[PDB]
Amino acid sequence: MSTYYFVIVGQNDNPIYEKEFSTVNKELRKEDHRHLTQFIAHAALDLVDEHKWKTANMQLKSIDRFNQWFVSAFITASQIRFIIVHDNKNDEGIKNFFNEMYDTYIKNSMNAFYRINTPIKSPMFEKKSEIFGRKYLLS
Amino acid sequence: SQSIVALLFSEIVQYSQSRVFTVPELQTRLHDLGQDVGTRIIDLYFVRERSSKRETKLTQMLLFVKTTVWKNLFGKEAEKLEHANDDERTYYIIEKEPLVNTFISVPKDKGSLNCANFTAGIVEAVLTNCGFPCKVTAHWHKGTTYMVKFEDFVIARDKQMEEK
Amino acid sequence: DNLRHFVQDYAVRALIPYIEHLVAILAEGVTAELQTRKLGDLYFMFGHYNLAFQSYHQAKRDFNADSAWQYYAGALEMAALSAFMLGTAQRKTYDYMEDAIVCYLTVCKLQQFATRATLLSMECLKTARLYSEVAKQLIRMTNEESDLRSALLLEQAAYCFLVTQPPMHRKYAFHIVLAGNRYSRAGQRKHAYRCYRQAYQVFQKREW
């Protein structure tokens, strides 16, 4: 199968949120995935910042490929760093998946109570993300 | 209405003028409100009205974000743009229309600065969220005018990518 | 004393014929796949930078089919060293060197000569400007290596990628945390603590 990992990064490099869909097993190793990739999102970011200074493309499909960890970047106008990291490729899912992530993010970013670079606990957003994952990633 | 927004904004200014003691911190509070506006409008208009595609380069983003923000705020782009050689950090964005005068303005004795700073606050929000930390001053020179002090790392960064 | 230096003088006067016999061997060499190899092993101490680049050149036409590119790696080690020593720092010889190191590890199992090449290629690419290049091949040497060795190459990759530009400013720290326990298992205890301390420093810098 494919592994599933989403991350949300504030402008101030704050990891706002992270979402998972992989078949549940060895939860300690899934947390290892989390920090592995959250700290991979570190050089990925130190890289993708100049990459975004190069191209203002819709979405930076590939930033690094660790030969088992894959870096896909959809950076926002507010520079919100977004990365999907997976052991397997699925480009068509990920492109418009980051699209729909961005969309529901706009929806839940409008609310005045949110302030820049802040974790968002809205389980409505959780189920919106889950529906997207079942649409564009999971089967 | 026009006048409902003018009224709600008069209550803005008055709430500040209440729980704020002196003018410059009142302008600071206006600037905070402006940051609040920008913080979400910029992400909105990345897609719908900005060709859905990101733009990074300085002057293009300056002018185009100027225009798109003004179209979806008042539908009136800023009348001119000056970027000053004598200080490459010093750019001026100037709009003859003050957002303030929806209600025509304040006493002309106590507060030299006005909503002009609150609009400057929205400006600062969008710039710094695009990737352009900057400080903005509102001056009553040639009507409502502004001046932007970009970020040093940013100023070096684009000064370097002046070429490809 | 003066008498000790008189013996010193006589010793260096007896070294004149020795280096002149080496000069005669160099002359015999400059006048095959093993002839080119020996020639290289020669000006390896005569300072012939042009002939060092010609050694790798002839070794590419001598080991074209021959799977003994370990002597081609040796000739390229001299070529890259002599290039940066003179100041030419040829990026051509730099890339060829990797073609006789990491790319030669895919051909034959001469990892000894491959690691020799990568070692000096790191220093010559560090004096150049491609410090991320050394780091990327040190990561391509980390997966193999061993335990203490793998951690050492990860620590080299860490600083190398960070030196050129911000790229790897906290992932370098994240991977020296894994290299830290790698050193602890076999990694030098001094290296373990100092790379852990390095990681913690940039962790506080980037707390988020």
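About the cut-offs
- Residues numbered from 1 in each chain as written, not as in the entry; some residues may be left out.
- Chains lettered and ligands numbered in written order.
- Part of a larger assembly, values for the part shown.
- Heavy atoms only, no water.
- Helix = DSSP H or I, 4+ residues; strand = E, 2+ residues; numbered from the N terminus.
- Rg over C-alpha atoms; globule rule 2.2 N^0.38 Å.
- Buried < 20%, exposed > 50% of the residue type's maximum accessible area, 1.4 Å probe, protein only.
- Contact = heavy atoms within 4.5 Å.
- Areas by Shrake-Rupley, 256 points an atom, 1.4 Å probe, with all protein chains shown as cover.
- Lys, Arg positive; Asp, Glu negative; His and termini not counted.
- Charge placed at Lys NZ, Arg CZ, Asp CG, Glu CD.
- Pairing = 2+ DSSP bridges.
- Axes fitted to C-alpha atoms, helices over the stretch in contact; angles between N-to-C directions.
- Left-handed = near helix turned anticlockwise from the far one by under 90°.
- Nonpolar A, V, L, I, M, F, W, Y, C, P; charged D, E, K, R; others polar.
- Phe/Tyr/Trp six-rings, centres within 6.5 Å; stacked < 30°, edge-to-face > 60°.
- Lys NZ or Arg CZ within 6 Å of the ring centre and 35° of its normal.
- Buried area = accessible area lost by both parts, 1.4 Å probe.
- Salt bridge = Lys/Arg side-chain N within 4 Å of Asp/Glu carboxyl O.
- Polar contact = N/O pair within 3.5 Å; in protein donor to acceptor, adjacent residues only side chain to side chain.

- Per the deposited record, cryo-EM is how this structure was determined, to a resolution of 4 Å.

Focus on the overall build of chain B
So, point 1. When helices and strands are tallied, chain B shows five helices and four strands.
So, point 2. Start at the N end of chain B and walk to the C end: the helices and strands fall as α-α-α-β-β-α-β-β-α.
So, point 3. Taking 2.2 N^0.38 as the reference for a compact globule, 164 residues should give roughly 15 Å; the C-alpha atoms of chain B span a radius of gyration of 16 Å, in line with that estimate.
So, point 4. Along the three orthogonal principal directions, the C-alpha set of chain B runs to about 50 × 35 × 25 Å.
So, point 5. Expressed as a percentage of its 164 residues, the buried residues of chain B come to 47%.
So, point 6. Sequence separation of 24 or more characterises 56% of the internal contacts of chain B that already satisfy a separation of 6 or more.
So, point 7. Per element, the accessible surface of chain B, about 8800 Å² overall, is 60% carbon and sulfur.
So, point 8. Separation between the mean location of the 22 positive side-chain charges and that of the 22 negative ones in chain B comes to 3 Å.

Points about the overall build of chain A
So, point 1. Assigned secondary structure in chain A consists of three helices and four strands.
So, point 2. Across chain A, helices and strands are ordered from the amino to the carboxyl terminus as β-β-α-β-β-α-α.
So, point 3. Computed over C-alpha atoms, the radius of gyration of chain A comes to 14 Å, within 12% of the 14 Å expected from 2.2 N^0.38 for 139 residues, which places it in the range of a compact globule.
So, point 4. Counting only C-alpha atoms, chain A reaches 40 × 35 × 25 Å along its principal axes.
So, point 5. A total of 139 residues make up chain A; the buried ones form 55% of that total.
So, point 6. For chain A, contacts bridging at least 24 residues in sequence account for 49% of all contacts bridging at least 6.
So, point 7. Looking at chain A as shown, the accessible area adds up to about 6600 Å², and 57% of this sits on carbon and sulfur atoms.
So, point 8. In chain A, the 19 positive side-chain charges and the 17 negative ones have mean positions that sit 4 Å from each other.

A look at the sheet that holds strand β4 (residues 144-149) of chain B
Residue and element names in this part refer to chain B.
So, point 1. Read across the open sheet, the four strands follow the order β1-β2-β4-β3; overall the sheet is antiparallel. With partners counted over all chains shown, the strands left at the sheet margins are β1 (80-83) and β3 (135-140), one partner each. On average, each strand axis in the sheet is tilted by 20° relative to the strand beside it, whichever way the strands run.
So, point 2. Taken together, the six bridges between β3 and β4 define a ladder with antiparallel strand orientation.

Here's the deal with the packing of helix α2 (residues 91-109) of chain A against helix α2 (residues 23-47) of chain B
So, point 1. The contact between α2(A) and α2(B) brings their axes to 10 Å, and the two run at 150°. In the crossing of α2(A) with α2(B), the sense of the turn from one axis to the other is left-handed. Of the residues in α2(B), those touching α2(A) at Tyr102(A), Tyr105(A), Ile106(A) and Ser109(A) are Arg40(B), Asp43(B), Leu44(B), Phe46(B) and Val47(B).
So, point 2. Its residues assigned to classes, the contact of α2(A) with α2(B) shows six nonpolar, one polar and two charged.

Comments concerning the sheet that holds strand β1 (residues 5-9) of chain A
Residue and element names in this part refer to chain A.
So, point 1. Overall, antiparallel pairing links the four strands, which are arranged β2-β1-β4-β3 in an open sheet. The open sheet has two edge strands, β2 (15-20) and β3 (70-73), and neither has a second partner. Sheet twist, expressed as the mean angle between neighbouring strand axes with direction ignored, is 20°.

Digging into the packing of aromatic side chains
So, point 1. One pass over the structure, following the stated rule, counts 20 aromatic pairs over all chains.
So, point 2. Between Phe39(A) and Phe174(C) the ring centres are 6.1 Å apart and the planes differ by 55°, which places this aromatic pair in the tilted class. Residue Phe39(A) is located in helix α1 (residues 27-54), and its partner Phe174(C) is located in helix α10 (residues 171-185); the two belong to separate chains.
So, point 3. One aromatic cluster in this structure is built from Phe6(A), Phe74(A), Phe82(A), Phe98(A), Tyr102(A), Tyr105(A) and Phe46(B).
So, point 4. Directly above the aromatic system of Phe64(B) lies the positively charged group of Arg50(B), at a separation of 5.6 Å from the ring centroid.
So, point 5. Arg157(B) extends its terminal NZ or CZ atom over the ring of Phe153(B), reaching a point 5.8 Å from the ring centre.

Examining the interface of chain A and chain B
So, point 1. Of the residues lining the interface, 25 residues belong to chain A; the matching set on chain B comes to 18 residues.
So, point 2. A combined buried area of about 1800 Å² lies between chain A and chain B, and 53% of that area is made up of carbon and sulfur atoms.
So, point 3. Linking chain A with chain B are zero salt bridges, by the criterion used here.
So, point 4. Here chain A is connected to chain B by 12 residue pairs in polar contact.
So, point 5. The set of elements that each furnish at least two residues to the side of chain A that touches chain B consists of α1 and α2 of chain A.
So, point 6. Residue contributions to the side of chain A that touches chain B peak at four residues, all from α2(A).
So, point 7. Among the residues forming the side of chain A that touches chain B, the class breakdown is 14 nonpolar, nine polar and two charged.

Notes on unusual backbone geometry
So, point 1. Even without a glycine there, the phi angle at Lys26(A) is positive, about 40°.
So, point 2. Even without being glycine, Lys142(B) reaches a positive phi, approximately 55°.
So, point 3. Relative accessible area serves as the criterion here: at 54%, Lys142(B) is assigned to the exposed category.

A word on the pattern of salt bridges
So, point 1. The tally for this structure, following the rule as stated, stands at 20 salt bridges over all chains.
So, point 2. Linking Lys19(A) and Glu126(A) is a salt bridge whose minimum nitrogen-to-oxygen distance equals 3.0 Å. Linking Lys19(A) in strand β2 with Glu126(A) in helix α3 (residues 123-137), this pair joins segments that are 107 residues apart in sequence.
So, point 3. Exposure remark for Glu126(A): the relative accessible area of 23% places this residue in the partly exposed category.
So, point 4. As a salt-bridge pair, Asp46(A) and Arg206(C) come within 3.2 Å of each other at their nearest N and O atoms. In this pair, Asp46(A) is assigned in helix α1 and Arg206(C) in the segment after α11 (189-205), connecting two distinct chains. As far as burial versus exposure is concerned, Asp46(A) and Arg206(C) are alike and both buried.
So, point 5. Shared partners join several salt bridges into a network, and the residues in it are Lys61(A), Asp91(A) and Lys95(A).

Regarding the interface of chain A and chain C
So, point 1. Counting residues at the interface gives 14 residues for chain A and 11 residues for chain C.
So, point 2. Taken together, both faces of the contact between chain A and chain C bury some 1100 Å²; the carbon and sulfur share is 66%.
So, point 3. On inspection of chain A and its partner chain C, the count reaches one salt bridge.
So, point 4. At the junction of chain A with chain C, the criterion picks out three residue pairs in polar contact.
So, point 5. The leading source of residues in the side of chain A that touches chain C is α1(A), at nine residues.

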